Each structure stands twice: as C-alpha cells, then as structure tokens.
Amino acid sequence: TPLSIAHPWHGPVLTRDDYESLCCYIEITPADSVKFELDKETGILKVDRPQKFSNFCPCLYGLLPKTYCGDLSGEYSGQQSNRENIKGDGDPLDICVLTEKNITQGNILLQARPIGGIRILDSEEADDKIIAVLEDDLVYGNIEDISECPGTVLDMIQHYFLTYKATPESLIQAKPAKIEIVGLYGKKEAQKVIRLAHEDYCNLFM
Amino acid sequence: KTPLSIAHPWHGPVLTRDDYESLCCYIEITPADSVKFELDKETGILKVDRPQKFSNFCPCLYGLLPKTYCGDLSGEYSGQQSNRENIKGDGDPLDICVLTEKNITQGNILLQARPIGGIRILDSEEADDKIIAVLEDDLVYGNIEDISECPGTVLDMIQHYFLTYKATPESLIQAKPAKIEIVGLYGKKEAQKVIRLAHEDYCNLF
Amino acid sequence: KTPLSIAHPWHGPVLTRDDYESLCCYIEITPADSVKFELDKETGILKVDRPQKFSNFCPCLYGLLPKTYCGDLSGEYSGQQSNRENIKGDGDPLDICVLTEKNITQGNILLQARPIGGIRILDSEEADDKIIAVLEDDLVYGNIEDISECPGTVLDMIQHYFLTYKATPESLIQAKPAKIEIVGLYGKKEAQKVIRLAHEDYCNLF
Ligand code: NA
Ligand code: NA
Ligand code: NA
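Protein chains in written order, with the deposited numbering: chain C, 4 to 209; chain A, 3 to 208; chain B, 3 to 208.
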C-alpha cells in the first residue's frame, strides 16, 4: 500500500512492453508561458525560467521516468554522430508527446508510444528529444515511425529549440546556432536511446 | 507527526469527520479537460487514462473518495437495490461528481463537499455508482441538501455524459441498447450508505 | 541517494540558499483561479479552502514560504515595527505575493522569487504579513530590488484585494471600518528579517 505520492522521475514504471509504450511525465504544455522543470530534490514541478522571447512549446514536453542521460547515452550519441568525448547532459531523457487534444496543465503522467527522436548536441553534451504520440490519440495515435509524422509538426518542434534562446542580435547577425541538430531517427533507434538512458539511470539509482 | 512527503490522494486524506455529512474529495477531471484523467493507484500521480473519444466534456468536477473501494459490499448492495444478481464492484475508488458554480480548471486537488444523492449505474454487471455532492459553501449549490432539490437540467447533463462519452456513432445510428445502465437516482441517506459501504470495502481490503 | 516520494511543499523544499536574496516559493493561488486554494497541512495536497465570496481575483501569484511559521518571534517583530503590543503570529506559513508579467494559470508549483518588501497586516492582534517578491528573471519585474521601485498601481491592486475579498456589500454601504489593518509597507532588508524570523519560528517548532 503506497502511503505517499511517488517522485515522478523515480516512481513510475518506464515501460511494460519492451519500450513499445512509455509512461511519461509532462512538465510543459503549449499553454505555458514559462518553462517548467521537475525539481529533482523535491519532485514538485518548478518554474525554471519565463519564456525569454516569443515562443510557446509546440507539444507536450517532459521527461521519461527512470532515465538519465549519462555515460552510455553520451557514447552512443557520440558514435551515432561520429563524435568523440560526447557526454550525457545529466538530466532525465527529454520526450515530446504529440496529441491533438488540449492539455493545459503539466505535472501529469500519460502513456505515449515512441516513433523517433531528434539527436541534438549542445556543446559536447547529448540533448536528445524523443518524439512520441499519445496512446489512443485520435490524430497521431496510429503513427508508428517518425517518417509517418507530418513534417510541419517536426519543423515546428525544431524551430522551437532553434529560436527559444536566440537573441535578436544573434538572429540579425546570422550567428551560427548554439545547438547542433544532427538529424532525426526512427522508432527502433529511439527505443535504443531510451534503453541506454534507462541503463544509465538503473546503474546510478538502482 | 510531521509529514515530510505528500500523502497518496486515495489512501491519505480522512474521508469524513462528521459521519458523512461532508466529505473530502480528490478531483481528477474538470469541465476544462479534454482528456479523461485518473489517479494512478501505484504512484498517486494524476495520469491520462485516455483522450475523450468523442464530443464530450465532463460537466462537473469528477473525482474519487479517499479510503473507498467498490468491492464486495458495494456490489451486493447495488445488486440488492437494483434487484439484479451477480453484481460486482468495479474495483476502483468510489466516484463522486461535485457541483459548483465556480470555474475550476485544474484537477489534482482536494475539496470538501456534501453528498446529496447519487446515480446507480450498472456497467455489464458491475456497480458504477456516481455520488452527487455540492461544493461546501458554494454560492449556488451550497445550501442544496438532497438530490430532489438539484435542478433536473444539471442531472440530465450528468446522466447524458455517462450515457454518451463511450457511445460510438454506429451504436447510436443502429439504436443498439446502451452499454451502461442508469438504474435510477437516489437521495442523501442512500448515498451516505453507499459511501459507508465503499469505505468498509476499503478498510477490509487494507 | 534517491528521493522516492514527492516532498511536502511546506516541510520539504529548502527555503533559501543565498541568505534570503532569493526564495523558493510554493504557489497556491494564481489570478486565473476563482476559488481560494490552500495547502492542506496534513496531506500536503493542494485543497480548496472556499470559493471566492465576491467579485475578486487574486492579483498575483500567492502562496507560502517553505520552512516558515508565523509564530512568536514573527509576532514580536510585527508588534515592535507597528508600535502595538501583544501581537501574536497567525499560526500558518509566511504568505508571499510574487509579481510576474507572465501568465501562470495553475498553482501547486514551486518557483524562485526575490523579495523586495512586504505588507504588514494586523488581523485582530495577529500578524498577517504579506511578503512581496518578484519572479526571478521576469521580463518586467526581474530587476526590481526594493518595493519603492514597484509600480504603486500593482501595490494598490494587491492592497485592494485583501481589503475587499471578504467585505460584504452591507459593510461597504454602511462604511463599517475595515476588519483587517494595513499598517504599511516595508523594504527589502526588513522583509528578509521577517522571513528570517519566520524561518526561526519554524525551526524552533520542530
Ligand atoms: Na535534456
Ligand atoms: Na467507477
Ligand atoms: Na499569514
């Protein structure tokens, strides 16, 4: 009998069907004007910072329980991008959940099925974003691979990370992007990226 | 004596302190939601069960009663009250609909409400009672004491929700019989007994 | 080291890490709310205290400061600073109003805020101080260091709230004297002292 609410990062079971579907903790929705992040110490959702510019997060954004972007995650990202000395960013694995429904509040769990991801390198750190579709979603529910995902939605998501920290001076001066989008990958690779981040988590917290 | 962690919303709060005249309730779904939320029993975190399949919103505050379980005693009584055999409990905490004039947009909250009645529902030989209660000190519903004093238009809205939120168009076009059976409504005293029985089911199981 | 459960918002989080230059705050009420929420001390779950009685919304992010307690030391300083005797603490955590330009619709969150002052309020010999703070990195209020740099229209808005949210029409038509006493405002250093004392009250209580 669970007497207390479990920490969203350590509590939930990540997967029960060998990563075909995942339990996800949502931190940010399109409705938010600030960036929320799960407070590691307390397990309470916390304001990280207000949105600096004119962006909203264009999907449900959160973390995967029982994942940690660590040694194995960094090495695979480095291998997959032909890069050496790539380390993990030290946080849980980021996931973007596609849904046609309106969710206005974060601090929730949901079931989502991975279809791919965006491999991002941010100054020698792997900052992968898993892309998943909400289970039984009326629009995205039957998408099984990222190649079946509307390219306009992927561009929206890439645009968010490319601009949400870009100063006007940097955009007018055409300064190169501070994050490197190495490209997209599909379901199987995403499941591998999740598998590795889970092993990183298991070794450090279990 | 100092709670260092947040209590599980199902097991933690005290159900009643005044012999079921008012109840502490945990809210999972509001009229503002477009998905059906449900408390994850294992973790105590609010979780998306499924998106709304059709064109319904939940027309009230919907949630559960702490320290209740729809078990053996609940099933036998529901069968007794509907004169139907082999009626079992649905295995979940007891459902409650809270009437309020105010706009509540987020779930994952507690509130105090007063029961005034309930809807006896059978879903394929399972008791799926919905307790009807009024938010304490609500400016419109606060003084309502029995379901007979509740506006019938609001009760029809609530009955319509459960009669349609899982009804496919084909089943409606072919006039297939409803998959849930509304056996009728009951008043305050009967509602308090259903809560009492569901509370005993919980105590015997834990 | 693995926090398995979500921490109680009042007892769990660390109040300050920079000697009260910035504070961790737990938000109970936002401008979007139509009811008054309050952290339930026993369970640590956000709970509806009562609906808004009249035509008010809370004009800022409103909550409590973790690990604070408005006790004896808090009352004595309030009495000294207001030249009134026998002022006791109100027994709750220290209240805080957070100013932000952004729209936050959901409570039950943590955030970092920098105090700039506060409102000293006496409610029938009880200190009901309201700390005034600005959301860290807020695009508008972020650089405000003292309450004297805060627009008086915002302060009037906050004072108007506490002066009217419990004022019946009859009491206003008959111009009956206010039930709460606004003794005045204070600046950054003094607010830090009020928080320091309230933190000491809490530590001495446990
Ligand atoms: Na990351
Ligand atoms: Na049920
Ligand atoms: Na107070």
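Where a beta carbon is used, it is the ideal one built from N, C-alpha and C, also for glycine.
Query, Result
"Interface flag, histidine 201(A) vs chain C, CB-CB below 7 Å", "no"
"For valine 136(B) and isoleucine 149(B), the rounded distance between their alpha carbons", "10 Å"
"Contacts around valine 50(C), its chain only, beta-carbon distance under 7 Å, and the 5 residues preceding and following it disregarded", "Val37 and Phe39"
"Cutoff 7 Å: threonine 18(C) Cβ touching any chain A Cβ", "no"
"Spatial distance of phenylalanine 59(B) from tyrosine 163(B) (CA atoms)", "8 Å"
"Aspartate 74(A) CB to nearest heavy atom of ligand 2 below 6 Å", "no"
"Endpoints, beta strand (DSSP E) assigned at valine 142(B)", "Per DSSP, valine 142(B) belongs to no beta strand (DSSP E) and is neither H nor E."
"Beta strand (DSSP E) runs wholly inside the region 124-168 of chain C, at least 3 long, in chain order", "132-137"
"Sub-7 Å separation of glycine 91(C) and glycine 77(C) beta-carbons", "yes"
"Three-state secondary structure assigned by DSSP to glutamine 114(B)", "strand"
"7 Å Cβ cutoff, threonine 32(C) in contact with chain A", "no"
"Selection from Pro153(C), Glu138(C) and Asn85(C) that minimises the alpha carbon distance to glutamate 127(C)", "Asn85(C)"
"Within-7 Å CB hit, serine 36(B) to chain A", "yes"
"is_contact[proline 171(B), chain C] using C-beta, thresh 7 Å", "no"
"Residue(s) in a DSSP beta bridge with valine 50(A)", "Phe39(A)"
"Three-state class that DSSP yields for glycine 91(C) in the structure shown", "strand"
"For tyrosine 188(A): DSSP bridge partner residues", "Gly120(A)"
"7 Å Cβ cutoff met for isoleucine 133(C) and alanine 193(C)", "yes"
"Below 5 Å from a heavy atom of ligand 3 - residues by beta-carbon", "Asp92(B), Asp94(B), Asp97(B) and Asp130(B)"
"Rounded straight-line distance, which links the Cα of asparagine 206(A) to that of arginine 198(A)", "12 Å"
"Proximity test, Cβ basis, 7 Å: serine 57(A) and chain C", "no"
"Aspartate 139(C): contacting residues in chain A (beta-carbon distance under 9 Å)", "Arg52, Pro53 and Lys55"
"Residue-level contact to chain C via CB, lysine 49(A), 7 Å cutoff", "yes"
"Own chain, CB closer than 6 Å to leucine 96(B), minus 5 neighbours either side, in chain order", "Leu67, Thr70, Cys72 and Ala200"
"Span separating the alpha-carbon of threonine 166(B) from that of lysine 104(C)", "39 Å"
"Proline 5(A) at chain B interface by Cβ criterion, 7 Å", "yes"
"Under 9 Å from the C-beta of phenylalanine 208(C): neighbouring residues of chain B", "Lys3 and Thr4"
"Three-state class that DSSP yields for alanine 193(A) in the structure shown", "helix"
"Interface flag, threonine 45(B) vs chain A, CB-CB below 7 Å", "yes"
"Meets three-Cβ-pair contact criterion under 8 Å: the region 111-124 of chain B and the region 181-192 of chain B", "yes"
"Residues from the region 97-113 of chain A in contact with chain C, defined by Cβ distance under 9 Å", "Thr107, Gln108, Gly109 and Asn110"
"Contact list for the region 64-82 of chain C against chain B, Cβ threshold 8 Å", "none"
"Beta-carbon neighbours of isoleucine 8(A), restricted to chain C and to distances below 9 Å", "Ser7, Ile8, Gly46 and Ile47"
"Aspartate 125(A) at chain C interface by Cβ criterion, 7 Å", "no"
"Proximal residues of chain B, C-beta to C-beta of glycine 14(C) below 9 Å", "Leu6, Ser7 and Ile8"
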